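*Asks:* There's a structure below that I have some questions on.
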Amino acid sequence: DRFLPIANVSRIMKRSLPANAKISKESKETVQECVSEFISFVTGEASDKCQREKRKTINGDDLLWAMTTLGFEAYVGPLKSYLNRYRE
Amino acid sequence: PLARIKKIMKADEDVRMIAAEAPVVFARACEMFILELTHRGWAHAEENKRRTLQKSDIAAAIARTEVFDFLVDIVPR
């Protein structure tokens with residue numbers, strides 16, 4: 001049940017690169033599964049924190065605790081302002 | 001693509017319910033994750049004076065990034 005994310009990964013990669021830069025058939029796919037692994041590797045770390053408190057729900061505060069512990073410090077900055085705005 | 005980010009989130013063991021905000025903050029986190037992986041891959045591709053982002057470049061980005069130590073199962077180094 002390790003489902004893949006959408007082809008919308010293609011377009012996120014295209015906007016990430018300069019205009020003079022183009023992308024391969026399977027480099028599209030390598031990212032598609034590297035980001036599929038990214039969702040499971042984060043959900044598992046945050047699930048353990050949820051269980052530490054016998055909490056039956058996973059929120060945005062747990063995913064951001066997970067990415068802070070797992071080592072994505074470049075991500076938690078902008079993601080906090082994004083999550084608080086989603087509730088603003 | 002909110003539904004799949006939930007589907008994969010609960011497919012792999014998750015604790016029961018998922019709050020609506022978790023997949024929304026995840027897609028954005030997945031957006032920033034593709035960026036850094038694609039930034040790091042193309043930096044390797046452009047350093048080799050290639051204008052094509054190929055499967056080899058993502059292997060180099062995962063390899064020497066200690067942040068992506070968990071991804072080596074997909075790329076044969």
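By convention here, the chains of the structure tokens are called A, B, ... in the order presented, each chain's residues are numbered starting at 1, and ligands are numbered starting at 1 in the order presented.
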Kindly determine which residues of chain B lie within 6 Å of chain A, considering only C-alpha atoms, and give the answer as a PDB file with C-alpha atoms, in the first residue's frame.
*Replies:*
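Written out: part29.pdb:
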ATOM      1  CA  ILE B   8      -0.066   6.808   2.058  1.00  0.00           C
ATOM      2  CA  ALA B  11      -1.391   2.899   4.399  1.00  0.00           C
ATOM      3  CA  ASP B  14      -0.425   5.686  11.329  1.00  0.00           C
ATOM      4  CA  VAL B  15      -2.230   6.068  14.685  1.00  0.00           C
ATOM      5  CA  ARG B  16      -5.935   5.910  13.581  1.00  0.00           C
ATOM      6  CA  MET B  17      -7.326   9.425  12.711  1.00  0.00           C
ATOM      7  CA  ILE B  18      -5.482  12.165  10.694  1.00  0.00           C
ATOM      8  CA  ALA B  19      -6.307  15.888  11.324  1.00  0.00           C
ATOM      9  CA  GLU B  21      -4.206  20.198   8.643  1.00  0.00           C
ATOM     10  CA  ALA B  22      -1.607  17.334   8.542  1.00  0.00           C
ATOM     11  CA  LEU B  35      12.891  21.465  -4.220  1.00  0.00           C
ATOM     12  CA  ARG B  51      21.939  20.383 -18.875  1.00  0.00           C
ATOM     13  CA  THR B  52      19.873  17.149 -18.438  1.00  0.00           C
ATOM     14  CA  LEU B  53      18.673  16.108 -14.944  1.00  0.00           C
ATOM     15  CA  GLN B  54      19.003  12.277 -15.057  1.00  0.00           C
ATOM     16  CA  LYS B  55      18.441   9.446 -12.512  1.00  0.00           C
TER      17      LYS B  55
END
*Asks:* Write down as a VMD selection string the residues of chain A whose backbone DSSP state falls under alpha helix (DSSP H).
*Replies:* chain A and resid 8 to 16 25 to 52 60 to 70 73 to 87
*Asks:* As a list in words, please: all residues of chain B that backbone DSSP puts in strand (DSSP E or B).
*Replies:*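 Filtering chain B down to strand (DSSP E or B) leaves residues 17, 18, 52 and 53 of chain B.
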*Asks:* To one decimal in Å, tell me the separation between atom CA of residue 38 of chain B and atom CA of residue 64 of chain B.
*Replies:*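 According to the coordinates, atom CA of residue 38 of chain B and atom CA of residue 64 of chain B are separated by 14.3 Å.
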*Asks:* Give the answer as one residue: which of A:77, A:69, A:88, A:53 has the shortest atom-to-atom distance to residue 32 of chain B, using only C-alpha atoms?
*Replies:* A:77
